[PDB]
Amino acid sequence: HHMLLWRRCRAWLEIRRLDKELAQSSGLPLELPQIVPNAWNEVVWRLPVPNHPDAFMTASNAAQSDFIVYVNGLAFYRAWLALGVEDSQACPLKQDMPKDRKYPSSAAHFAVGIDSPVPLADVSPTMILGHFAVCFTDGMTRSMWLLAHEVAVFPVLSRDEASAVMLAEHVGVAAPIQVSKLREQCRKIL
């Protein structure tokens, strides 16, 4: 859309904005996803969405070996921007996320609700030019939807415990939990 210098400077400024927002909101309670009973036999969260109907997501597509990390949206956004501007998985600014070609399709799925919760994104910690970043196996557009709608905290899926703990370290609001253990807890309690 513009030149490289433009795109790098813009990303830089947004990261700096996030740095400050994160520093200000530090320690304050965020709105958490809520594990809810549902018509299926799966883990489903209700996600509050500011000035918007509730969203619902599910870990139905996860492996027993996967781990869930509840992430601070702003921190996740920042780590994604740390991928840089040229990556094929480069993160658009929030204001530009709805322009993404898959975004209407994502918005449509999110519109349905508890009858069809959106499966979690599969992400991974990584290293880019000597710094921490997050990249994707899948779920980039649904991640944009959540970010652009200012969902405060949402779950994501990670391939293994160490990767999950690393994600939680940099962008998490709590320790990870293995999908198999969460499914079993939901079973025994709900």
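Residues carry their position along the shown sequence, with the first being 1.
Undergrad: What stretch has the higher average Cα B-factor here, 20-28 or 168-176?
TA: 20-28 has the higher mean C-alpha B-factor.
Undergrad: Taking the mean of the C-alpha B-factors per stretch from the entry, tell me the winner out of 135-143 and 32-40.
TA: According to the entry, 32-40 carries the higher average C-alpha B-factor.
Undergrad: Place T126 in the lowest, middle or highest third of its chain's C-alpha B-factors, as listed in the PDB entry.
TA: For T126, whose C-alpha B-factor we compare with every modelled residue in the chain, the answer is the lowest third.
Undergrad: Taking the values exactly as deposited, rank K102 by C-alpha B-factor within its chain and report the matching third: lowest, middle or highest.
TA: Tercile = highest for this residue's CA B-factor.
Undergrad: C-alpha B factor of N61, ranked within the chain: lowest, middle or highest third?
TA: Top third by C-alpha B-factor.
Undergrad: Which third, lowest, middle or highest, does the CA B-factor of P119 fall in along this chain?
TA: Tercile = middle for this residue's CA B-factor.
Undergrad: Thinking about Cα B factors across the chain, which third does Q95 belong to?
TA: It belongs to the highest third of the chain when residues are ordered by C-alpha B-factor.
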